[PDB]
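**Student:** Here you go, this is start05.csv (CSV, C-alpha atoms).
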```csv
chain,number,residue,atom,x,y,z
S,2,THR,CA,-2.3,-6.5,15.6
S,3,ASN,CA,-2.5,-8.7,18.7
S,4,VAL,CA,-5.9,-9.8,20.0
S,5,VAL,CA,-6.6,-9.6,23.7
S,6,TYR,CA,-10.4,-9.6,24.0
S,7,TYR,CA,-13.3,-11.2,22.1
S,8,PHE,CA,-17.0,-10.6,22.2
S,9,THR,CA,-20.3,-12.2,21.1
S,10,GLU,CA,-23.8,-10.7,20.6
S,11,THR,CA,-26.5,-13.4,21.4
S,12,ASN,CA,-30.2,-13.4,22.1
S,13,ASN,CA,-29.6,-14.1,25.8
S,14,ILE,CA,-26.8,-14.9,28.2
S,15,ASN,CA,-27.3,-18.7,27.9
S,16,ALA,CA,-26.9,-18.7,24.1
S,17,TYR,CA,-23.4,-19.2,22.7
S,18,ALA,CA,-21.7,-18.0,19.5
S,19,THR,CA,-18.4,-17.9,17.8
S,20,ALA,CA,-16.1,-15.3,19.3
S,21,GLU,CA,-15.3,-12.1,17.4
S,22,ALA,CA,-12.0,-10.4,17.9
S,23,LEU,CA,-11.9,-6.8,19.3
S,24,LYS,CA,-9.3,-4.2,18.6
S,25,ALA,CA,-9.3,-3.0,22.2
S,26,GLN,CA,-6.3,-3.6,24.4
S,27,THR,CA,-7.9,-2.8,27.8
S,28,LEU,CA,-11.1,-4.0,29.3
S,29,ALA,CA,-12.6,-0.5,29.5
S,30,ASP,CA,-11.9,0.0,25.8
S,31,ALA,CA,-13.3,-3.5,25.1
S,32,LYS,CA,-16.6,-2.7,26.8
S,33,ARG,CA,-16.9,0.5,24.8
S,34,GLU,CA,-16.1,-1.2,21.5
S,35,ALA,CA,-18.3,-4.2,22.2
S,36,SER,CA,-21.3,-1.9,22.9
S,37,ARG,CA,-20.6,0.0,19.7
S,38,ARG,CA,-20.3,-3.2,17.6
S,39,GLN,CA,-23.7,-4.4,19.0
S,40,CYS,CA,-26.1,-4.5,16.0
S,41,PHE,CA,-29.6,-5.1,17.6
S,42,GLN,CA,-31.8,-4.0,20.4
S,43,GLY,CA,-32.5,-6.5,23.1
S,44,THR,CA,-29.4,-8.7,22.7
S,45,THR,CA,-26.8,-9.7,25.3
S,46,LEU,CA,-23.1,-8.9,25.0
S,47,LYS,CA,-20.3,-11.1,26.4
S,48,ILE,CA,-16.6,-10.3,26.6
S,49,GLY,CA,-13.8,-12.8,27.2
S,50,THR,CA,-10.1,-13.4,26.6
S,51,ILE,CA,-8.5,-16.3,24.5
S,52,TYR,CA,-9.0,-18.5,27.6
S,53,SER,CA,-12.7,-17.8,27.6
S,54,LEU,CA,-13.1,-19.8,24.3
S,55,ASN,CA,-13.5,-23.5,23.9
S,56,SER,CA,-11.7,-25.5,21.2
S,57,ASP,CA,-14.4,-24.6,18.6
S,58,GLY,CA,-14.0,-20.9,19.2
S,59,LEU,CA,-17.2,-20.4,21.1
S,60,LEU,CA,-17.3,-17.8,23.9
S,61,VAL,CA,-18.4,-19.9,26.8
S,62,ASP,CA,-16.5,-18.4,29.8
S,63,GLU,CA,-17.0,-14.7,29.6
S,64,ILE,CA,-15.2,-12.4,32.0
S,65,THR,CA,-18.0,-9.8,31.8
S,66,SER,CA,-21.5,-9.4,30.2
S,67,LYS,CA,-24.1,-6.7,29.6
S,68,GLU,CA,-27.8,-7.2,29.2
S,69,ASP,CA,-29.5,-4.7,26.9
S,70,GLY,CA,-30.0,-1.4,28.7
S,71,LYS,CA,-28.0,-2.4,31.7
S,72,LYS,CA,-24.4,-1.9,32.8
S,73,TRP,CA,-21.6,-4.4,32.4
S,74,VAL,CA,-21.5,-7.1,35.1
S,75,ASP,CA,-18.0,-8.6,35.7
S,76,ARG,CA,-17.6,-12.2,36.7
S,77,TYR,CA,-15.8,-11.1,39.9
```
When written as structure tokens, how does the structure in this file appear?

**Tutor:**
Amino acid sequence: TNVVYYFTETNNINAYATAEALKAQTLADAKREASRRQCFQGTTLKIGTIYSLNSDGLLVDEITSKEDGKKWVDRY
């Protein structure tokens, strides 16, 4: 399948990690899948596209993020 969205689960919004591919094809599905793939309490979720990644595969330019217990906040 083709990959549109990626996510990371980090300890806070200023920490970076290698992007993991999502199966979702829309943003609303990506948010639901990313919340369901979150392992831990208290972590931060970021979602981005292929253009959100640097050359090392790190998710640095997320299009939306979600602090634990809060709603998704889009960049714009």

**Student:** So that I can check the surroundings of residue 60 in chain S, please list as a short mmCIF file (atom, residue, chain, number, x, y, z; two decimals) with C-alpha atoms, in the coordinates of the input every protein, DNA and RNA residue that reaches within 10 Å of it, counting only C-alpha atoms and ignoring chain neighbours fewer than 2 positions away.

**Tutor:**
```cif
data_model
loop_
_atom_site.label_atom_id
_atom_site.label_comp_id
_atom_site.auth_asym_id
_atom_site.auth_seq_id
_atom_site.Cartn_x
_atom_site.Cartn_y
_atom_site.Cartn_z
CA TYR S 7 -13.30 -11.20 22.10
CA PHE S 8 -17.00 -10.60 22.20
CA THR S 9 -20.30 -12.20 21.10
CA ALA S 16 -26.90 -18.70 24.10
CA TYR S 17 -23.40 -19.20 22.70
CA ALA S 18 -21.70 -18.00 19.50
CA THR S 19 -18.40 -17.90 17.80
CA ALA S 20 -16.10 -15.30 19.30
CA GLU S 21 -15.30 -12.10 17.40
CA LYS S 47 -20.30 -11.10 26.40
CA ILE S 48 -16.60 -10.30 26.60
CA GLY S 49 -13.80 -12.80 27.20
CA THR S 50 -10.10 -13.40 26.60
CA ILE S 51 -8.50 -16.30 24.50
CA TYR S 52 -9.00 -18.50 27.60
CA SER S 53 -12.70 -17.80 27.60
CA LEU S 54 -13.10 -19.80 24.30
CA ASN S 55 -13.50 -23.50 23.90
CA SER S 56 -11.70 -25.50 21.20
CA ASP S 57 -14.40 -24.60 18.60
CA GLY S 58 -14.00 -20.90 19.20
CA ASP S 62 -16.50 -18.40 29.80
CA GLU S 63 -17.00 -14.70 29.60
CA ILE S 64 -15.20 -12.40 32.00
#
```

**Student:** What are the closest atom pairs, with distances in Å to one decimal, for each residue of range 51-74 of chain S lying within 12 Å of range 29-42 of chain S, using only C-alpha atoms, rows by chain and rising residue number, as CSV?

**Tutor:**
```
residue,atom,partner,partner_atom,distance
S:64,CA,S:32,CA,11.1
S:65,CA,S:32,CA,8.8
S:66,CA,S:32,CA,9.0
S:67,CA,S:36,CA,8.7
S:68,CA,S:42,CA,10.2
S:69,CA,S:42,CA,6.9
S:70,CA,S:42,CA,8.9
S:71,CA,S:36,CA,11.1
S:72,CA,S:32,CA,9.9
S:73,CA,S:32,CA,7.7
S:74,CA,S:32,CA,10.6
```

**Student:** Between S:2, S:59, S:46, S:76, single out the one closest to residue 14 in chain S, counting only C-alpha atoms.

**Tutor:**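 Counting only C-alpha atoms, the residue closest to residue 14 in chain S is S:46.
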
**Student:** Which residues are near range 24-28 of chain S? Cut-off 7 Å, all atoms listed in the file, ignore same chain within fewer than 4 positions. Put them as a list in words.

**Tutor:**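 Here the qualifying residues turn out to be residues 4, 5, 6 and 32 of chain S.
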
**Student:** Find the residues near residue 13 in chain S: any atom within 7 Å, counting all atoms listed in the file, skip ones fewer than 2 places away on the same chain, and give them as a PyMOL selection string.

**Tutor:** chain S and resi 11+15-16+44-45

**Student:** Taking all atoms of range 69-77 of chain S that the file lists and extending 5 Å past them on each side, where is the centre of the axis-aligned box and how long are its edges? Answer in Å to one decimal, as lines of an AutoDock Vina configuration file.

**Tutor:**
```
center_x = -22.9
center_y = -6.8
center_z = 33.4
size_x = 24.2
size_y = 20.8
size_z = 23.0
```
